[PDB]
Amino acid sequence: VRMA
Amino acid sequence: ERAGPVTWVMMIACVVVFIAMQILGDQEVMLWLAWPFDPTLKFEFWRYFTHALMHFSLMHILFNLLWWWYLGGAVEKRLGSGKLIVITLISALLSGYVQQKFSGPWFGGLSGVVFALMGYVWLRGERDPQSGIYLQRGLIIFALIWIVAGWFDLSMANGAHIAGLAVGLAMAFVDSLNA
């Protein structure tokens, strides 16, 4: 998961 | 002051979703709100935007809603609710599109919308001061520190970051042609  | 209904409805939406993530777990909400991971899901149209509402820590949602309330508030107050809605809908759609391409569908956060607001407020306040909007030098400093730190993985969704920025610059350029 990548966080924007 | 600053309190637009779009500004506050986004803040409430984000908090409501984040409450749900806390009760149900991330993945469960992720399974429903994240960008379509399977083309069969592509007509679940909410997903192109709803990824923006998901946050994966309290620090992330506070930091983001801060920037959102600050820059979002300013756009709604000076330029109207409709303008804030459009920047939001376009940047969420496009930063999610690019982000999916960069590293697939598992991401969220309002930070693509935020970088679009940063781009927008800055260029608009530059090319078009009468809009009553501007981004300070200290904050464009930190924005720049913020993007590149995501490159170097010290801010994880880089496509979102760069996407959103681009979108905000472009729209501010367009809006700054018209006066």
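Residues numbered from 1 in each chain as written, not as in the entry; some residues may be left out. Chains lettered and ligands numbered in written order. Heavy atoms only, no water.

Method of structure determination, per the deposited record: X-ray crystallography was used for this entry, reaching 2.40 Å resolution.

K.L.:
What is the right way to look at the overall build of chain B in this model?
P.N.:
Summing up its helical and strand segments, chain B has eight helices and one strand in all. Starting at the N terminus, the α and β elements of chain B follow one another as α-α-α-α-α-β-α-α-α. For a compact globule of 179 residues, the expected C-alpha radius of gyration is about 16 Å, and chain B comes in at 16 Å, within 12% of that figure. With respect to the principal axes defined by its C-alpha atoms, chain B has extents near 45 × 35 × 30 Å. Within chain B, the fraction of its 179 residues that count as buried is 48%. For chain B, the exposed surface amounts to about 9,100 Å²; the carbon and sulfur share of it is 71%. (Helix = DSSP H or I, 4+ residues; strand = E, 2+ residues; numbered from the N terminus. Rg over C-alpha atoms; globule rule 2.2 N^0.38 Å. Buried < 20%, exposed > 50% of the residue type's maximum accessible area, 1.4 Å probe, protein only. Areas by Shrake-Rupley, 256 points an atom, 1.4 Å probe, with all protein chains shown as cover.)

K.L.:
Honestly, the UniProt feature "active site" (unreviewed entry) in chain B in this entry has me stumped. Any pointers?
P.N.:
Here, UniProt's "active site" (unreviewed entry) annotation points to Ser111(B) and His161(B). Inspection of the secondary structure assignment puts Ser111(B) in helix α6 (residues 111-127). In this structure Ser111(B) touches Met3(A), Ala4(A), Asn64(B), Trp146(B) and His161(B), once residues within four positions along its chain are discounted. Its place among the elements puts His161(B) in helix α8 (residues 158-177). The residues touching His161(B), leaving out its near neighbours within four places in the chain, are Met3(A), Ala4(A), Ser111(B), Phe115(B), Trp146(B), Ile147(B) and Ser155(B). (UniProt positions renumbered as here; feature names shortened; annotations may be inferred. Contact = heavy atoms within 4.5 Å.)

K.L.:
Where do I start with unusual backbone geometry in this structure?
P.N.:
For residues that are not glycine, phi is negative in most cases, and the peptide bond is trans in most cases. With a phi angle near 50°, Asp153(B) is a residue other than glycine that sits in the positive phi range. For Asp153(B), the location among the structural elements is in the loop between α7 (137-151) and α8.

K.L.:
Explanation requested: the interface of chain B and chain A in the structure shown.
P.N.:
Interface size is commonly expressed as the accessible surface area that is lost when the partners come together. Counting residues at the interface gives 19 residues for chain B, matched by four residues for chain A. When chain B packs against chain A, the two sides together hide about 890 Å² of surface, and 61% of this comes from carbon and sulfur. Of all residues in chain B, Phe56(B), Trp106(B) and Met156(B) give up the largest surface area on contact with chain A, accounting jointly for 43% of the area buried on that side. Between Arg2(A) and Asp153(B) there is a salt bridge; the shortest N-O distance is 3.8 Å. Counting across the chain B and chain A interface gives nine residue pairs in polar contact. Here the residues of the side of chain B that touches chain A sort into eight nonpolar, ten polar and one charged. The pairing of strand β1 (residues 2-3) of chain A with strand β1 (residues 107-108) of chain B spans two bridges and is classified as parallel. (Buried area = accessible area lost by both parts, 1.4 Å probe. Salt bridge = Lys/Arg side-chain N within 4 Å of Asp/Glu carboxyl O. Polar contact = N/O pair within 3.5 Å; in protein donor to acceptor, adjacent residues only side chain to side chain. Nonpolar A, V, L, I, M, F, W, Y, C, P; charged D, E, K, R; others polar. Pairing = 2+ DSSP bridges.)

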